[PDB]
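> Sharing an experimental structure here, sequence included.
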Amino acid sequence: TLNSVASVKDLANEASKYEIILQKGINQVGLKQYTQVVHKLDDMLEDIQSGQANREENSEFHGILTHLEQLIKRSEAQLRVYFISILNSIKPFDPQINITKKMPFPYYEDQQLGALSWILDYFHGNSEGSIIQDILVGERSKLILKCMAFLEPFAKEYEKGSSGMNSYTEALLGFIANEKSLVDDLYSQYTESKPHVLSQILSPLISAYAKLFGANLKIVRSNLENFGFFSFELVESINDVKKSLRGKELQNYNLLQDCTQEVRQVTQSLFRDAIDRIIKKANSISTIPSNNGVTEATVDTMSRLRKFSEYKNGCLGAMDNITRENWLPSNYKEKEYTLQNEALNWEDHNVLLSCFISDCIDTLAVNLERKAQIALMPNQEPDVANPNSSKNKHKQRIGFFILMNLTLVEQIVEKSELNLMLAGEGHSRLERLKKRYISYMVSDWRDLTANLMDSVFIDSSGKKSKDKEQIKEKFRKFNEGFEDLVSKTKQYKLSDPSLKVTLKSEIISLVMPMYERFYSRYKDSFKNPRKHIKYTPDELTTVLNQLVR
């Protein structure tokens, strides 16, 4: 038909014909054929209105104008209904089931995607692009929401993994990826509005995720004691979401960035807190156990450090930008740590973490020592980490006290992931830590021997001494000093075989070679040595071996 030269009578007849076809509906007519009939009506309408066309203004013409307009309007409304209907063929569902059963979320069939794209193109083609886009956005939005609704409860909810945020987050990652595939399927490869459409469907989900995430981060802040290490799970959570959004345009991306900042400070505060927790715990009890054994502070410190080692991935990941000052106290005194400028890749996460554990162990030892010095010498300023401090008159007992606690620290590390996290310089700093306190236990012995040696020097300047009483006096002093030290040393029973063997060797190494030389030097100042010299070197050795074991 040539619309420009056709009578309104013939045109109207054509229209009524097209109407009968449309009345049958989309399915009977065929979707593509249906839209084509509407296009014919639309094109007819335009061909008879235009200024070019100059038809008389009578009821006949007005009647066909309204008829075409309304018929097109009703047909397009049936098209939206059809569109909405296909979108809702997929019903709300519990993603957890799909996650558990390892099944893909429901998806539209090829023919349905084809019908949806055809209708999208139809409306974009008739200047209703955004209209149909909002319908699509809207339908998808409330559908996804209803699915996530099955998890919002379990995630508002510390056993590692115990939280509905993990599966919740997993569910969200599934929808995010599925929606991207849907948009890529519905539009031409380079359709400019794809990113925009996807964003309208995902932003609400993100807004909801962000809320919940912010909620959990609140609970953690409140009951930090039992939820402290939960932040580690929240971190991988937001990291996973952000990773899934790479390249995707978003409206409220700011929410996630703020979440990444709020959860990064929390985890950062855990390490810094660990130290202060140790400092406060070590100085909480002013008294020293009478048996000089393991303390509460040590038990607590190791139990905590054992926890961190359960999130090696989180801890290591948390070492990002993280530094040693970010956890060390502002006081920070070099001599109170076993760290040695041994040039290490300080940019390595494993190195940074390792240091953290070592600093924690150093802090426990030195603070327990400070508390011990304050307890035994109330009026003195603590001089910690100094085996040579003459002012400290209790080095032996203190050394033992710290070693007994370090014995537990070592055990907890060995039987733990901590053993691996310290491999290398970690275990090395710990040995240096033990040496310092073994050195404390052996210090009084050095004084004994240094004293004996000074009295020999001062007396051996001129001719060899024949002064029996002066010589007898030198032995007497040694004997008294010896016996007093043997006596005190018996008050401390180490449990660790390794520490016992070391103490034994070091004590014998200091005393025996010097006594043998002192003895051979002066024994013959007497006709019968046995009567003026209490111990022969062999008798002295016997006494020391009994003490050791």
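Arrived safely, thanks for sending. Numbering: from 1, shown residues only.

> So what's the residue count around residue 187?
Residue 187: 17 surrounding residues under other Cβ atoms under 10 Å. C-betas here are computed from N, CA, C, even on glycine.

> how close does it get to residue 80?
According to Cβ to Cβ, to the nearest Å, residue 187 stands 18 Å off from residue 80.

> what do you get for residue 236?
From residue 236 over to residue 80 (counting by Cβ to Cβ), the distance is 42 Å.

> likewise residue 139?
For residue 139, the distance to residue 80 (Cβ to Cβ) stands at 11 Å.

> Those two: which is more packed in?
Ranked by neighbour count (other Cβ under 10 Å), residue 139 and residue 80 place residue 139 first, with 18 against 15.

> so who does residue 508 touch?
The contact partners of residue 508, by Cβ atoms under 8 Å, 6 or more residues apart in numbering, come to 541, 544, 545, 548.

> could you flag which of those residues are buried?
The neighbour-count test (16 or more other Cβ atoms under 10 Å) marks 541, 544 as buried among those.

> Now for the contacts of residue 508: which two are most distant?
Spanning the widest gap among those are 541 and 548, at 10.4 Å by Cβ to Cβ.

> sorry, back to before: specify which member of the contacts of residue 508 is nearest to residue 110.
residue 548 (84.9 Å).

> Tell me the spacing between the residue nearest to the closest one when sequence neighbours are not counted and residue 293.
Nearest residue to residue 548, sequence neighbours excluded (Cβ to Cβ, 6 or more residues apart in numbering): residue 504, at 3.8 Å. According to Cβ to Cβ, residue 504 stands 20 Å off from residue 293.

> Domain map for the protein?
For the chain, whose domains are defined here by curated CATH domains, the residue ranges read 1-90, 91-250, 251-422, 423-549.

> can you tell me which residues contact the residue nearest to residue 316 when sequence neighbours are not counted?
Excluding the flanking residues, the one nearest residue 316 by Cβ to Cβ, 6+ apart is residue 349, at 4.5 Å. Contacts of residue 349 were listed using Cβ under 8 Å, 6+ apart, and they are 316, 317, 319, 320.

> what's the helix or strand for the first one?
Of the helices and strands defined by DSSP states H and E, residue 316 is found in helix 312-318.

> so how far is that helix from its chain's centroid?
5 Å (Cα atoms, centre = their mean, to the nearest Å).

> Name the residues of the helix or strand where residue 498 lies that come out as buried.
Element membership for residue 498, per DSSP H and E: helix 497-522. Residues 499, 502-504, 506-508, 510-512, 514-515, 518-519, 522 are the ones in helix 497-522 that count as buried (16+ other Cβ under 10 Å).

> ditto for stretch 419-429
The neighbour-count check on stretch 419-429 (16+ other Cβ under 10 Å) flags 421, 422, 425, 426, 427, 429 as buried.

> Next, give me the two most distant ones among those residues.
Longest span within the buried residues of stretch 419-429, Cβ to Cβ: 421 and 429, 12.6 Å.

> Number of residues surrounding residue 441?
Neighbour number of residue 441 under other Cβ under 10 Å is 25.

> Ignoring the adjacent residues along the chain, who's closest to it?
Per Cβ to Cβ, 6+ apart, closest to residue 441 is residue 399, 3.9 Å.

> Count the residues that sit near that neighbour.
26.

> just to revisit the earlier point, and which of the contacts of residue 349 is nearest to residue 393?
Using Cβ to Cβ, the contacts of residue 349 come closest to residue 393 at residue 319, 42.0 Å.

> Distance of the residue nearest the centre of the chain relative to residue 213?
Nearest to the geometric centre of the chain sits residue 314, at 2.9 Å (Cα atoms, centre = their mean). Residue 314 sits 16 Å away from residue 213, going by Cβ to Cβ.

> got the contact list for the residue nearest to the centre of the chain?
Applying Cβ under 8 Å, 6+ apart, the residues near residue 314 are 229, 232, 233, 235, 236, 267.

> in which helix or strand would I find the fourth one?
Pointing back at residue 235 there. Assigned by DSSP H and E, residue 235 belongs to helix 231-244.

> helix or strand right after the top helix by length along the chain?
With DSSP state H setting the assignment, residue counts place helix 425-457 as the longest helix in the chain. Downstream of helix 425-457, the next assigned helix or strand under DSSP H and E is helix 468-489.

> contact partners of that following helix?
Against helix 468-489 from outside (Cβ under 8 Å, 6+ apart): 396, 444-445, 448, 451-452, 455-456, 459, 465, 507, 511, 515, 518, 522, 525-526, 532-535, 540, 543-544, 547.

> What's the PyMOL line that selects buried ones from those?
Per 16+ other Cβ under 10 Å, the buried members of these correspond to this PyMOL selection:
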select buried, resi 396+444+445+448+452+455+459+465+507+511+515+518+522+525+532+533+535+540+544+547
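
> Quick check: residue 216 touching residue 164?
No: between residue 216 and residue 164 there is no contact under Cβ atoms under 8 Å: 9.8 Å.

> Tell me which of those two has more neighbours.
Using other Cβ under 10 Å, the more surrounded residue of residue 216 and residue 164 is residue 216, with 22 against 19.

> Which of the helices or strands spans the more buried one?
helix 194-222.

> before we move on, the earlier item: any idea which helix or strand carries the residue nearest to residue 441?
Going by DSSP H and E, residue 399 is part of helix 395-414.

> Quick check: buried residues in that helix?
By neighbour count on 16+ other Cβ under 10 Å, the buried set for helix 395-414 is 395-410, 412-413.

> CA-only coordinates of that helix, as PDB, when you get a sec.
Provided in PDB are the C-alpha atoms of helix 395-414 (Å, rounded to 0.1, in the frame of the first residue of the first chain):
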ATOM      1  CA  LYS A 395      70.700 -11.600  87.900                       C
ATOM      2  CA  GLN A 396      70.800 -15.300  88.700                       C
ATOM      3  CA  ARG A 397      67.100 -15.500  89.900                       C
ATOM      4  CA  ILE A 398      65.900 -13.100  87.200                       C
ATOM      5  CA  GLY A 399      67.700 -15.000  84.500                       C
ATOM      6  CA  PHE A 400      66.100 -18.200  85.600                       C
ATOM      7  CA  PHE A 401      62.600 -16.600  85.800                       C
ATOM      8  CA  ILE A 402      62.900 -15.300  82.200                       C
ATOM      9  CA  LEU A 403      64.300 -18.700  81.000                       C
ATOM     10  CA  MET A 404      61.500 -20.600  82.600                       C
ATOM     11  CA  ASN A 405      59.000 -18.500  80.700                       C
ATOM     12  CA  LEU A 406      61.000 -18.600  77.500                       C
ATOM     13  CA  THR A 407      61.000 -22.400  77.800                       C
ATOM     14  CA  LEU A 408      57.200 -22.300  77.300                       C
ATOM     15  CA  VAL A 409      57.500 -19.800  74.500                       C
ATOM     16  CA  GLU A 410      59.800 -22.200  72.600                       C
ATOM     17  CA  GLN A 411      57.400 -25.100  73.100                       C
ATOM     18  CA  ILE A 412      54.400 -23.200  71.800                       C
ATOM     19  CA  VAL A 413      56.400 -22.100  68.700                       C
ATOM     20  CA  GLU A 414      57.700 -25.500  67.900                       C
END
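
> ok and that helix relative to helix 497-522, angle-wise?
Interaxial angle, helix 395-414 versus helix 497-522 (axes from the mean of the first three to the mean of the last three Cα atoms, to 10 degrees): 150 degrees.

> So which elements touch helix 395-414?
helix 296-308, helix 349-376, helix 425-457 (3 or more Cβ pairs under 8 Å, 6 or more residues apart in numbering; DSSP states H and E).

> if I pick the nearest residue to residue 418 once chain neighbours are set aside, what's in contact with it?
Closest residue in space to residue 418, ignoring its immediate chain neighbours: residue 309 at 4.7 Å, by Cβ to Cβ, 6+ apart. Residues near residue 309 by Cβ under 8 Å, 6+ apart: 315, 416, 417, 418, 421.
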